[PDB]
Amino acid sequence: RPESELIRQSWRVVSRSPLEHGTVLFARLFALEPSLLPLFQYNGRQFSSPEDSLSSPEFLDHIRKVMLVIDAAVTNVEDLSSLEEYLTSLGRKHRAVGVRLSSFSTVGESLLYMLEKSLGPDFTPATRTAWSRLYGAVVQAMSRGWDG
Ligand code: HEM
Ligand SMILES: [Kr]
Ligand SMILES: [Kr]
Ligand SMILES: [Kr]
Ligand SMILES: [Kr]
Ligand SMILES: [Kr]
Ligand SMILES: [Kr]
Ligand SMILES: [Kr]
Ligand SMILES: [Kr]
Ligand SMILES: [Kr]
Ligand SMILES: [Kr]
Ligand SMILES: [Kr]
Ligand SMILES: [Kr]
Ligand SMILES: [Kr]
Ligand SMILES: [Kr]
């Protein structure tokens, strides 16, 4: 496809500073849905405020984990079927930690936000539509983790 090249080219500039960019994604996320904050229980403790998460090594490690999973999607953009199995698993895990399926829509908007802000004039509506499709496919696979 040509959309596959839109994803690859758009990902390049972001992927080289994954923590800085994933920090924008999570900051947006908590701004849209603050009820996600408590889902991150390290040492059984809850973050009071969004800025509390950004001082947590474990939370920042999770940022990196996310950016890695996106990087895998980008890699396999032409053939997403290879990640299905892993993603179904990742969904069940998130079911178990307490994430509701509906929160993945917020996540996706947060991803689109972060790309928009990074790319500026380069984040064309085709680029947006390309990412929305890819994220779509990711969440489809992950939502098999809520039984079916
Ligand atoms: C509402 C959004 C999310 C919440 C509340 C959440 C929360 C968590 C928690 C609590 C863990 C276990 C603790 C940890 O390893 O840090 C976890 C693990 C993980 N999450 Fe998320 N997460 C979310 C979204 C995502 C997204 C969108 C991805 C990937 C694109 C992702 C990838 C991961 C990975 C890769 C792990 C490690 C799983 C394992 O191997 O056990 N998470 N997440
Ligand atoms: Kr992220
Ligand atoms: Kr954050
Ligand atoms: Kr924040
Ligand atoms: Kr990454
Ligand atoms: Kr991955
Ligand atoms: Kr992985
Ligand atoms: Kr993702
Ligand atoms: Kr998983
Ligand atoms: Kr999880
Ligand atoms: Kr996320
Ligand atoms: Kr994401
Ligand atoms: Kr997206
Ligand atoms: Kr994605
Ligand atoms: Kr996928």
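We number each residue from 1, following the sequence as shown.
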**Asked** Could you give all pairs that pass the side-chain hydrogen bond (donor to acceptor under 3.5 Å, both in side chains) test and reach residues 60-73, with sequence neighbours left out?
**Response** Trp11-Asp71
**Message:** Tell me which pairs pass side-chain hydrogen bond (donor to acceptor under 3.5 Å, both in side chains) where either residue lies in residues 121-132, with sequence neighbours left out.
**Reply:** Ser10-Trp131, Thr124-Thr127
Distance-minimising heavy-atom pair for [X] and [Y]:
| X | Y | value |
| --- | --- | --- |
| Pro50 | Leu37 | N-CD2, 3.8 Å |
| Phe30 | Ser53 | CE1-OG, 3.6 Å |
| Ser15 | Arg12 | OG-O, 2.9 Å |

So do the side chains of [X] and [Y] get within less than 4.5 Å of each other, counting heavy atoms only?
| X | Y | result |
| --- | --- | --- |
| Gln140 | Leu87 | no |
| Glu84 | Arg144 | yes |
| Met114 | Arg28 | no |
| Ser4 | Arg8 | yes |

**Prompt:** Between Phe26 and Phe59, does the ring centre distance come in under 6.0 Å?
**Reply:**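 So the answer is yes for these two rings.
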Is it true that a side-chain atom of [X] and a backbone atom of [Y] form a donor plus acceptor pair closer than 3.5 Å?
| X | Y | value |
| --- | --- | --- |
| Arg95 | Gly145 | yes |
| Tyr135 | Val107 | no |
| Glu85 | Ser82 | no |
| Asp52 | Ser49 | yes |

**Item:** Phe47 CZ to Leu36 CG distance, which is reported to the nearest 0.5 Å
**Value:** 13.0 Å
**Message:** Are there over 12 heavy-atom neighbours, none belonging to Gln9, within less than 6.0 Å of that residue's CD?
**Reply:** no
**Request:** Answer yes or no: does atom CZ of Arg133 have more than 12 heavy-atom neighbours from other residues, nucleotides or ligands under 6.0 Å?
**Result:**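 Open.
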